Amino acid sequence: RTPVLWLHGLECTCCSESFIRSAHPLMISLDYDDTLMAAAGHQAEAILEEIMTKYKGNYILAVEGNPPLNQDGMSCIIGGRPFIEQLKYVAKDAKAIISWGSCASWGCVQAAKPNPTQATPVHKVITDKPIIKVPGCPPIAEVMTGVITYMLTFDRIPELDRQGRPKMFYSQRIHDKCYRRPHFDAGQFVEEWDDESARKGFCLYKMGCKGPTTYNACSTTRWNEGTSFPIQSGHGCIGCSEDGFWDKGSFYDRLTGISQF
């Protein structure tokens, strides 16, 4: 068995919450995760170090959140030391590294302009290890558990795209199979919230939907055991799995050049 050690940088904890929503599956030895552990303080820190030695180059490091480079790294302190030091220490002997969510993958909200802490994604700090990006704010629960399951079944990272995202989950844009696509194709759009068109489920492009430029499994796998997704519940995609989505203009400003899509 291969242990999974889960670290937390600067984060909101959404990815951890998403992971526990997974229905399929509901395998690992989660021997470190600060949010769950019975032990605290020195006793928690000691648990971390025993696993690294016993399973050298045969544990997985999963990272939620990211390290800040400003404030001498002490805008995120663990055990009186900068988080970046813990991250580098644990990364050194990991077999593989998972960057959970948009925070670890790209920066997410704390890296949006003007980024007061110089929050930096994991792959810009750890450059000599196999990494997999699992972006989204948070990612879909079944995407997170699907990644872990593949890695534990096959003892390797699944096929990645050029941005380091698993092709098994991030190969399609939301817009490809969005159920509102026939409305888009017929020029049938919502123009104001709760207009007649909105009550008929017309396409949300003119309300700012970023589905046409966002890769994720939201339109097919959907959320919370396939209950809904943002568009089905009436709000456009805000682009939350794409690098730098907070700084691509207002969420309610439409994409330019509709004919492209």
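Rigid core (definition): largest C-alpha set, two forms, superposition within 1.5 Å. Start at 1 and count along the sequence shown; that's the residue number.
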31-39 against 200-208 - segment lying farther from this form in 4 other deposited structures of this protein (CA RMS, rigid core fit) = 31-39
note = Looking at residue 26 and residue 27, the deposited sequence has unmodelled residues in between totalling 4 to 9
ask   = Comparing 240-248 with 16-24, which stretch shows the greater average C-alpha B-factor in the deposited entry?
value = 16-24
query = For the C-alpha atoms alone, is the average B factor greater in 64-72 or in 216-224, going by the entry?
reply = 64-72
message = In terms of recorded Cα temperature factor, pick the maximum from 176, 191, 142, 85.
response = 85
request  = Compare the CA B factors listed in the entry for 81, 167, 180, 113 and report the winner.
outcome  = 81
inquiry  = How does the C-alpha B factor of residue 121 compare with the rest of the chain: lowest, middle or highest third?
reply    = middle
remark   = Tertile call for residue 59 (CA temperature factor, within chain, third-based) is the highest
Residue 106 CA temperature factor, ranked by third within the chain = lowest
ask   = Among the modelled residues of its chain, does the C-alpha B-factor of residue 235 lie in the lowest, middle or highest third?
value = lowest
note = For residue 32, the third of its chain by CA B-factor is the highest
